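Consider the single chain below, provided in structure tokens and representing the form deposited in one PDB entry.
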């Protein structure tokens, strides 16, 4: 199976070669990836980073951006995951096909985030913060990346304070999701690389 909801379905044709499986999978996830590139380009300070650093932040952060953007695919009440085809699958069925601890963690994250009930403008600005908070391992101009992050974070504080004047803790709660996203990224990358088709 292929229990990633970026796929159209978790069922894999055992006659198809691995190259063929991956290529099919790629027609499903590539449009989502390109959408993160387009989004990055609309963060004004992102264009002022070095070309190398833009590419590196996208490299390290795309997953974390997509995890925020697709948190709603995880329905903690119904205990279902919606794949990009529109089809829904139960957690039990997905556990049976090889999902495990990482799926559970994703439900946990998604439930807490989905819960905060962010507006679109709030979610959008948070997502920008997530992107520019990506792992700095490849980065050549660290101070420029931290400056953009600080800029976006102040903007986020100002927006949450306008929209939630008596609940400033929402701001802090969002920042606390950054290490959680990094943990999800870490574990997911292990699953990605350990993926075999036969």
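Superpose the two forms; the largest set of C-alphas matching within 1.5 Å is the rigid core. Residue numbers count along the first chain shown, from 1. Shifts are known only where both forms have a C-alpha.
Keep in mind that the form deposited in another entry is not shown, yet the notes after this line are about it.
*Asks:* Is residue 74 displaced by at least 2 Å at its C-alpha between this form and the one not shown when the rigid core is overlaid?
*Replies:* Yes, its C-alpha moves 2 Å or more.
*Asks:* Determine whether the C-alpha of residue 189 shifts by 2 Å or more between this form and the one not shown once the rigid core is superposed.
*Replies:* It does shift by 2 Å or more.
*Asks:* If you line up the core, does residue 54 shift 2 angstroms or more at its C-alpha between this form and the one not shown?
*Replies:* After core superposition, the C-alpha of residue 54 moves less than 2 Å between this form and the one not shown.
*Asks:* Residue 186 to residue 80, Cα distance in the other entry relative to here: closer or farther, by 3 Å or more?
*Replies:* It is farther: in the other entry, the C-alpha atoms of residue 186 and residue 80 lie at least 3 Å more apart than they do here.
*Asks:* Are residue 74 and residue 186 closer or farther apart at the Cα level in the other entry than shown, by 3 Å or more?
*Replies:* Residue 74 and residue 186 sit farther apart in the other entry.
*Asks:* Provide the ranges, sorted by sequence, of consecutive runs with at least 3 residues in which each Cα shifts 2 Å or more between this form and the one not shown, based on a superposition on the core.
*Replies:* Moving regions between this form and the one not shown: 23-29, 72-90, 100-106, 189-196.
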